[PDB]
*Asks:* 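After the structure tokens below, expect a handful of questions from me.
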Amino acid sequence: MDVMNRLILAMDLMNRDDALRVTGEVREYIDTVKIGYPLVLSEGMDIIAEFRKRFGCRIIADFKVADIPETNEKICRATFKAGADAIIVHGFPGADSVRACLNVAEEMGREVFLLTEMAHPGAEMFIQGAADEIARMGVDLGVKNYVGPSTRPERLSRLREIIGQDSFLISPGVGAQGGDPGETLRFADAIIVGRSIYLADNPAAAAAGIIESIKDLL
Amino acid sequence: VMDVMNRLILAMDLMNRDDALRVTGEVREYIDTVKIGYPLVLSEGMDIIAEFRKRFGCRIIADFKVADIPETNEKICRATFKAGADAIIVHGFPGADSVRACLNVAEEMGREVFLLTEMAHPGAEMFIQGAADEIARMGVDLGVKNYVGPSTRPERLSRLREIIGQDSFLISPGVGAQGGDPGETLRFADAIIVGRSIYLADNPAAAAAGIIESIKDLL
Ligand SMILES: O=c1cc(O)n([C@@H]2O[C@H](COP(=O)(O)O)[C@@H](O)[C@H]2O)c(=O)[nH]1
Ligand SMILES: O=c1cc(O)n([C@@H]2O[C@H](COP(=O)(O)O)[C@@H](O)[C@H]2O)c(=O)[nH]1
């Protein structure tokens, strides 16, 4: 996956007008948008097709899929029917649940991203202790795309070590949650940025500034 | 706690509005509580909750297995309750802050959180099972009153009931298609969740009536 400026916009505004306007304001800087449940549950799954119509961007559906295999299959099918290029799936529920997602993605020409450790403090309670094993499970299953935490660069580096340089790794928690863009890109192929851009007085300037700060890395 | 008719909750995971509405209508006399998840919501929109309320006046549990950071969890809960869901199901494995975020929104908005503590499918044994007792204990510490646990593992369901106490409310999926037995599950759960055994039946009403007949002495 070729992400423009190594920067993925997390579009978690919950109003269609604002989401479209802000995305339009930063369109020159990105070609990949992560759309999650805050926007989808507020404005409907048709928003994905609208983003493709307006911007042509690739769309990663951040749905943190975390059900039994049978339900995971249905979620992925509905998501890809809506036009998502990729979907983010939790690894914690185990291998069969991940495989269900991989199957549908293969059938519809899409990608699965495996979330292995999360960026927020609560991640330390249960997820962090399982994260290396979840990453190895990903490797065993043939997963090629991964998500890990900007807020813990030593953990992000370990994830990169496990999956290898050939795998694709994206990382949230940059800006608002404390992660640094440049440090994160030592290990991740692309950074995910939400509030630092979409809550900024001037989203375009916010995006431009981030890109300026990592310009030697592009 | 919510008063679930016949101790039976329909898992409405059909993905077509017409079929979902038809089947739910057919079992309306047996069930007043419907679990709606992402298969139906991602196919038909959040307005499906509105449509079910209008047509059936059933309680709605939004099975969204909320599993994000606290800030995003808050946004998901707000949108879900705004649409009319009575309750939302939240994963515990992302930790206490993520659960608290959902609890805080539910309190502010006058709705309920159900905490999913162990799952019923085989993959649950890899990571979730080992964390489940602690996730449940965390729920109790956070003041969670409603829980979800697996019918497919009676020993695990029994332990979860012990941890949360007799006053907490416990619902349990995996009955029927996944192998769980209705009566045995109700030894520990307040209500059973049933999807395919009902909604894929030639006669969903007869399927529901049959399950209820089998647990008649427990009602
Ligand atoms: O560990 C994770 C995994 C995520 O997907 N995310 C997601 O990444 C985005 C981060 O947004 P922000 O830059 O506003 O903090 C949110 O959409 C959030 O749900 C995260 O923050 N941490
Ligand atoms: O551990 C769990 C937790 C669930 O919510 N579920 C949900 O309960 C329902 C089970 O449906 P069924 O009776 O068709 O197997 C599905 O909606 C599924 O997503 C489950 O099967 N196992």
Side-chain angles (χ1 to χ4, degrees), chain A residues 3-5 7-64 79 82-88 119-120 150 170 172-177 179 181 190-211, chain B residues 38 41-42 44-47 49-50 62 64 66 68-85 88 101-102 104-105 108-109:
Chain A
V3 171
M4 178 181 297
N5 291 316
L7 177 61
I8 298 169
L9 176 65
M11 178 40 62
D12 298 313
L13 291 174
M14 299 171 72
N15 167 283
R16 182 181 158 273
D17 280 356
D18 296 333
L20 290 174
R21 182 181 47 88
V22 171
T23 303
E25 286 170 2
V26 304
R27 64 186 300 162
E28 70 183 292
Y29 300 111
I30 64 169
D31 64 4
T32 307
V33 178
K34 183 178 77 66
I35 293 182
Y37 285 135
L39 181 52
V40 160
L41 298 181
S42 295
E43 296 290 358
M45 287 289 274
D46 286 347
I47 197 66
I48 294 170
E50 189 166 25
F51 270 60
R52 288 178 63 157
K53 187 172 300 182
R54 292 200 44 160
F55 312 115
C57 53
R58 64 171 66 74
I59 299 291
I60 299 170
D62 182 8
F63 289 176
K64 288 187 188 63
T79 298
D85 299 288
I87 195 169
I88 297 172
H120 65 299
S150 174
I170 67 178
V174 178
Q177 297 176 61
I191 49 173
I192 293 162
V193 179
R195 286 165 288 174
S196 290
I197 292 172
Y198 74 69
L199 289 189
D201 299 293
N202 185 340
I210 292 165
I211 293 166
Chain B
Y38 281 135
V41 160
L42 299 183
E44 294 290 352
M46 287 292 276
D47 67 15
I49 298 172
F64 289 176
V66 183
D68 218 302
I69 70 172
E71 183 73 336
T72 296
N73 279 10
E74 287 186 20
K75 295 184 176 76
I76 293 169
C77 294
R78 287 188 187 285
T80 296
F81 296 141
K82 177 174 178 182
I88 196 172
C102 300
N104 288 342
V105 176
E108 165 183 341
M109 305 187 64

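Note on naming: letters A, B, ... go to the chains in the order of the sequence lines (proteins, then strands), and numbering restarts at 1 for each one.
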*Asks:* Which value, rounded to the nearest 0.5 Å, describes the distance between B:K75 atom NZ and A:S42 atom OG?
*Replies:* 10.0 Å

*Asks:* Could you check if a side-chain atom of A:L13 sits within less than 4.5 angstrom of a side-chain atom of A:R21, using non-hydrogen atoms only?
*Replies:*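 Heavy-atom side-chain distance check fails, nothing below 4.5 Å.
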
*Asks:* Are any non-hydrogen side-chain atoms of B:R78 and B:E108 less than 4.5 angstrom apart?
*Replies:*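 SC-SC contact between B:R78 and B:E108 confirmed.
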
*Asks:* Taking the side chain as every heavy atom from C-beta outward, state whether B:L42 and A:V40 have any atom pair closer than 4.5 Å.
*Replies:*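 Sidechains of A:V40 and B:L42: in contact.
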
*Asks:* With sequence neighbours left out, what residues match A:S150 under side chain to side chain donor-acceptor pair (under 3.5 Å)?
*Replies:* A:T184

*Asks:* List, one per line, each side-chain donor-acceptor pair under 3.5 Å for residues 192-210 of chain A, sequence neighbours excluded.
*Replies:*
| unit_1 | atom_1 | unit_2 | atom_2 | d |
| --- | --- | --- | --- | --- |
| A:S196 | OG | A:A176 | N | 3.2 |
| A:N202 | OD1 | A:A204 | N | 3.2 |
| A:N202 | OD1 | A:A205 | N | 3.1 |

*Asks:* About how many Å separate CG of A:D62 and CD1 of A:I35, when rounded to the nearest 0.5 Å?
*Replies:* 10.5 Å

*Asks:* Do B:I69 and A:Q177 have side chains that approach each other closer than 4.5 Å (heavy atoms only, starting at C-beta)?
*Replies:*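 In short, these two side chains touch, coming nearer than 4.5 Å.
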
*Asks:* Roughly how far, to the nearest 0.5 Å, is the CG atom of A:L9 from the CD1 atom of A:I191?
*Replies:*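 With rounding to 0.5 Å, CD1 (A:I191) is 11.0 Å from CG (A:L9).
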
*Asks:* Tell me if a side-chain donor or acceptor on B:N73 pairs with a main-chain N or O of B:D68 at a distance below 3.5 Å.
*Replies:*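 Answer holds: yes.
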
*Asks:* Just how far is it from atom NZ of A:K64 to atom CD1 of A:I88, taken to the nearest 0.5 Å?
*Replies:* 5.5 Å

*Asks:* Can you name the closest pair of heavy atoms from A:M11 and A:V33 and give their distance?
*Replies:* CB-CG1, 3.9 Å

*Asks:* Can you find a pair of side-chain heavy atoms, one from A:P38 and one from B:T72, that are under 4.5 Å apart?
*Replies:*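 A:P38 vs B:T72: side chains touch.
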
*Asks:* Rounded to the nearest 0.5 Å, how far apart are CD1 of B:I88 and CE of B:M109?
*Replies:* 10.0 Å

*Asks:* Looking at OH of B:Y38 and CZ of A:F63, how far apart are the two atoms once the value is rounded to the nearest 0.5 Å?
*Replies:*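 With rounding to 0.5 Å, OH (B:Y38) is 8.0 Å from CZ (A:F63).
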
*Asks:* Can any side-chain N or O of A:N5 pair as donor or acceptor with the backbone N or O of A:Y29 at less than 3.5 Å?
*Replies:* yes

*Asks:* What closest approach, in Å, do B:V105 and B:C77 show between heavy atoms, and which atom pair accounts for it?
*Replies:*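 That would be CG1-CB, 3.8 Å.
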
*Asks:* Does atom CG of B:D47 have more than 12 heavy-atom neighbours from other groups under 6.0 Å away?
*Replies:*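 Enclosed: over 12 neighbouring heavy atoms sit under 6.0 Å from CG of B:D47.
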
*Asks:* Which donor-acceptor pairs under 3.5 Å do side chains of residues 47-61 of chain A form with protein atoms, sequence neighbours excluded?
*Replies:*
| unit_1 | atom_1 | unit_2 | atom_2 | d |
| --- | --- | --- | --- | --- |
| A:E50 | OE1 | A:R16 | NE | 2.8 |
| A:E50 | OE2 | A:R16 | NE | 3.3 |
| A:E50 | OE2 | A:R16 | NH2 | 2.6 |
| A:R52 | NH1 | A:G83 | O | 2.8 |
| A:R58 | NH1 | A:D2 | O | 2.9 |
| A:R58 | NH1 | A:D31 | OD1 | 3.2 |
| A:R58 | NH1 | A:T32 | OG1 | 2.8 |
| A:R58 | NH2 | A:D2 | O | 3.2 |

